[PDB]
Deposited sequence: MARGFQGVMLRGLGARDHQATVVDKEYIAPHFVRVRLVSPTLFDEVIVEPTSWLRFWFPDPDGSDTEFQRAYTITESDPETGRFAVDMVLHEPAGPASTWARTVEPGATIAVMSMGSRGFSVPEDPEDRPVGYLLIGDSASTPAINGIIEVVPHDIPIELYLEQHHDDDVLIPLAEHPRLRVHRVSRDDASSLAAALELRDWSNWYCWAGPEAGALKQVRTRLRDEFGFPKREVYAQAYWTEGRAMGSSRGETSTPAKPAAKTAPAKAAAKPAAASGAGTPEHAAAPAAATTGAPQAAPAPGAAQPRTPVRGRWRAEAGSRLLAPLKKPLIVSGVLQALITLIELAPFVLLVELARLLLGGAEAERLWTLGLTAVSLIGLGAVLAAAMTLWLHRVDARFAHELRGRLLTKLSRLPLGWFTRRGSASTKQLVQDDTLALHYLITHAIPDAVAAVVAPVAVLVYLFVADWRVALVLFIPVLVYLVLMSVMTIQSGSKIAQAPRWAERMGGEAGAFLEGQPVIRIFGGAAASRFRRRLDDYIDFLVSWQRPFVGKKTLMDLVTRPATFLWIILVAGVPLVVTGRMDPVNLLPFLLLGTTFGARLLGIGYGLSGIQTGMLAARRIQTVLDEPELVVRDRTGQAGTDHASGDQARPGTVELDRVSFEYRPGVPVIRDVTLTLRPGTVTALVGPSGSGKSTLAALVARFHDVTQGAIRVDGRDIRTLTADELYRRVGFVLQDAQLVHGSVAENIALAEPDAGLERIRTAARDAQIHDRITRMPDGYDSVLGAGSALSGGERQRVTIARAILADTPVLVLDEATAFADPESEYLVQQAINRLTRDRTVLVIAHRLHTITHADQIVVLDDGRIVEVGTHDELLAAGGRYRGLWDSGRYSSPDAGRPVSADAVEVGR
């Protein structure tokens, strides 16, 4: 709750100004009504002077003042929102550039296109439209009933009985429902899952018989039989008669109470004239309140999520006071309770290939990500050529440590710009050499636009060809230390051979750290590090680890037949 209020804290003064100013405006908007009755009774008083134009345009002077004030604030409030959103986007851009790279790893594995826009639209309504629309729906009904309870008293009390006709019947409704107030939100949430599985099972239903068809309607029928079982019994006749005590019956019970005109009530008939115009639309005036605060809560939930992104811890910058990688008693944990890496010491000699193997839970993926500072270690240190990676900036680190992992991203631009993203000033000749080494050149020249083809949005090349472009980018970066995930070699089986030959050129003349999944691909590694539940248990060459008859021998034998 504090996250949302902390975000909107610099706006507390512009918001409370929007409340009292809007309150005065809606009071001015009901002013042409409080004087039209006067204009009527001033003629009843036999005035009809030649200077009646006076009170005729004071109404015009107020309908204009109300619209001028309404237009002035709705413009001042939209420009306060625009400046608040502009500074917020600048803070978000700064935040996304300082969070750990691992924070992005499958953070948006679904199209978050809409929920970022749905929050910015809800954030806009909360700052600009929430406060004015809220008080305008509560001071307008509360300023007329006090204006009607000074006109007549019983004719004002005659219209307090149709509102308690509605209210307590809905209080009886909220307790006769009972078990069906908490089920409806869950049954609407859990019924969208049966719909998604029914749409996913379509290719099965066409081929095989299956029961997904009847498995869905059974969940759909007891859902329609759910709300019909509690929105037809006690609403088909109860709110049937309270939705009629509000529209036009207010006018009828105004006049049957208006029949005691001056015969017993002893009040001027135009003291009822305020009841003529504002007592007819009172029922719809204090029901729209709940629809003004409905946007405030869904908006403040968006502000809490935005501050949560602004509250996330960043990559802490620390002080210093042939890539040789030194892992010194490294430990890491995502959550503050569950360990992932447990006191790991390792040295990657310059120019050698080190392979990370292990069963489930080994942590070989997490361990390699720490070498690229995707996350900061919780214990120990990771040094590259004697320098801790925490005492380096994003340029010093990623000039020494490059990585080719899954889901490699292409930026909006041409093929030549994506290959040279790490050194754009490099000539096209150097760009073409990296494309040939990555076995993507012949595919590029086959394209109609060649190296001028635009990538980023939609391309004619496949995922394996996308990978070879980023491999060309990594080759052109030419890092002394390279973190490689072998899963990129079989992510596209139709192009597994070409990606392999690209990795051959990529992993030469530099320190290579490989996340190995198929043990037969790292049999020539200079160092095979076996991981088990976050600890190192075996380190040696392929044949040494076969002779020890330990964990590597078991994994190697398991991968046969």
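Regions left out of the model, expressed as runs of the deposited sequence counted from 1: Counting from residue 1, the stretches without coordinates are 1-315, 637-650, 891-908.
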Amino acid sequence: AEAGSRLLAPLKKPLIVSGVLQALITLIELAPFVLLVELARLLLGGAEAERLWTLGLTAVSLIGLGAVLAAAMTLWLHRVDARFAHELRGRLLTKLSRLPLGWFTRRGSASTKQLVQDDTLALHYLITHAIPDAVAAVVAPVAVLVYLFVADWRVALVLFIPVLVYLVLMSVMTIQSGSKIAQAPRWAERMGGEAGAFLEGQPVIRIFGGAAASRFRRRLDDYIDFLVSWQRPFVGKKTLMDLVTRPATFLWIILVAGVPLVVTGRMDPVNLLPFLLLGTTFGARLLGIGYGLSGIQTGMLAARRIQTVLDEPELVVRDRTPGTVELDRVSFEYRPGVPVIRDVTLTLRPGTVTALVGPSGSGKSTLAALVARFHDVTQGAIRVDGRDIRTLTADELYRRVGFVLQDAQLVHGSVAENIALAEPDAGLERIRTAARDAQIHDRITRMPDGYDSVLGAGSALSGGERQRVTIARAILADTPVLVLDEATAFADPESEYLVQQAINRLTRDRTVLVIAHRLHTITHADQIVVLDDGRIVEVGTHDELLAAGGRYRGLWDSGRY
From here on, numbers count along this sequence of modelled residues.
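Stretch with the higher entry mean CA B-factor, where the candidates are 219-227 and 86-94: On average, C-alpha B-factors are higher across 219-227.
Between 35-43 and 512-520 (mean CA B-factor, as deposited), the higher: For C-alpha atoms only, the mean B-factor is higher in 35-43.
Criterion, highest CA B-factor; candidates, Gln307, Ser179, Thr378, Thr347: Of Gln307, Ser179, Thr378, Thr347, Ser179 has the highest C-alpha B-factor.
Residue, from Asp526, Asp532, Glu48, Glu494, that the PDB entry assigns the highest Cα B-factor: If I rank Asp526, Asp532, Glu48, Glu494 by C-alpha B-factor, first place goes to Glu48.
Assigned third (lowest, middle, highest) for the C-alpha B factor of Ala502: Its C-alpha B-factor belongs to the lowest third of this chain's values.
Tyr125 - which third its CA temperature factor falls in, relative to the rest of the chain: Within its chain, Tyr125 is a middle-third residue by C-alpha B-factor, going by the deposited values.
Assigned third (lowest, middle, highest) for the C-alpha B factor of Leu164: Within its chain, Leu164 is a highest-third residue by C-alpha B-factor, going by the deposited values.
Chain-wide C-alpha B factor ranking for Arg190, given as lowest, middle or highest third: It belongs to the highest third of the chain when residues are ordered by C-alpha B-factor.
Entry-reported Cα temperature factor of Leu461, expressed as the chain third it lands in: Middle third - that is where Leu461 ends up once the chain's C-alpha B-factors are sorted.
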